[PDB]
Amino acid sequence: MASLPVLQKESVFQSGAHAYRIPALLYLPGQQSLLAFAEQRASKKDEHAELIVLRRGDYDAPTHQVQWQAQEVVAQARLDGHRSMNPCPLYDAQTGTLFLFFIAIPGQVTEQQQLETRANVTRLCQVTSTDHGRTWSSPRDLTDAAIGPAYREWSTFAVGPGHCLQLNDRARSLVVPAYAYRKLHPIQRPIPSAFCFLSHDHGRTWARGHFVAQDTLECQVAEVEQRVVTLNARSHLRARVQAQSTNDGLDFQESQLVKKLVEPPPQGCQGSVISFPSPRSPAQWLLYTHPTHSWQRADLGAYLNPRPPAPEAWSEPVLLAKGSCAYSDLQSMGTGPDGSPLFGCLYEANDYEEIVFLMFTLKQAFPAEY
């Protein structure tokens, strides 16, 4: 009945003059601190998104707790007349450049509208920072350099939401998970499909990798041991959809539904996935958070995959939170206070009226594996 006894559970965002949704969590291994991003809307309704907020949490080792600083708006992260949403932070380990990818949309134009009209008006933006988010650069509209030709082919699109991924490939590449509503039938409605924007020049230029099976929405990616990228996407189907890539994000194959990982009725809900050092045959294991209830968005659960990316390998969940739970984001924080893998979790709680930070170790969530 009781939720999982964690290392830490604290409300990091709450409604007030504004409502806060769509959480993102970035871990700076060298700072030993987290960057918590969220959307600051004038109300819970999507069409009311405005700016992106940020909070820095620095991990204290003596007490194994994370102390967060006052929330601030990533001012530079926005385009004139458009509202910003869907944050997708990434940290380029080598250039030390911190990236924040977001989507800018004109006025309060809805997503439904770009859909019904098959008219895309969504801009792809990013802002960078070299002092860990203290001062951001001026907004840079990537739409043309990242899209262009494929712009008319989509009714709309979006990045993440959630932390992006830098590969440990022969060139440490940037992979930004995303999904788009593609126009494939003159009569039938557009079908969304997950995919990743790739950058091999450290952000200089981009490229869109090929789509995966269709009817997949917001997804996230991870890398595992010969070196592959498993993707996990939100589907309007019974459960979650997941595919793997063996060419650094350019192609996703073996895509299939995973019934062990349920999805709420309508169009499902966003979820998060990360990889981490196996406590002992495979180099990495995966951890994934998503609501475990099947009629609604409640009971946030954590799932383990000790033999990735074998779909049947996925484990049964463990209750991280009882009640209303929605969008979440995960981060591997290294080795915890108890010698096991440390995890940082950010999730939408209490009917979108607060976003919570959760911190726990593998030994806590899945002690069985010991």
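Sequential numbering from 1, following the sequence displayed. The term rigid core refers to the maximal set of C-alpha atoms that superpose within 1.5 Å between the two forms.
Taking 145-153 and 95-103 in turn, the stretch whose Cα atoms are more displaced from the shown form in 4 other deposited structures of this protein following rigid core superposition is 145-153. Between stretches 188-196 and 242-250, greater average Cα displacement in 4 other deposited structures of this protein relative to the shown form, fitted by the core, falls on 188-196.
Looking at the other PDB entries for this protein, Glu72 is present in the model in all of those that include the residues around it, rather than absent from a third. Compared against other deposited entries of this protein, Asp169 counts as consistently modelled, with coordinates in all of those that resolve the residues around it and thus below the third mark. Coordinates are absent for 4 to 9 residues of the deposited sequence placed between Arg280 and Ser281.
In terms of unmodelled positions of the deposited sequence, the stretch from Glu225 to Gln226 in this entry skips 1 to 3 residues. Between 296-304 and 72-80, it is 72-80 that carries the larger average Cα temperature factor according to the deposited entry. Looking at mean Cα B-factors across 198-206 and 269-277, the upper value is held by 198-206. The entry lists C-alpha B-factors for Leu51, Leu35, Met333, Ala313, and the highest of these is at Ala313.
Residue-level inspection of the entry shows that, of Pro291, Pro190, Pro161, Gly133, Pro190 has the top Cα B-factor.
Sort the chain's modelled residues by C-alpha temperature factor and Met1 lands in the highest third, per the entry. Per the PDB record, residue ranking by Cα B-factor puts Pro309 in the highest third of the chain.
When all modelled residues of the chain are sorted by CA temperature factor, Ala365 is found within the middle third.
Annotation for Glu39: C-alpha temperature factor in the lowest third relative to the rest of the modelled chain, per the entry. Sorting the modelled residues of the chain by their CA temperature factor places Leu167 in the middle third.
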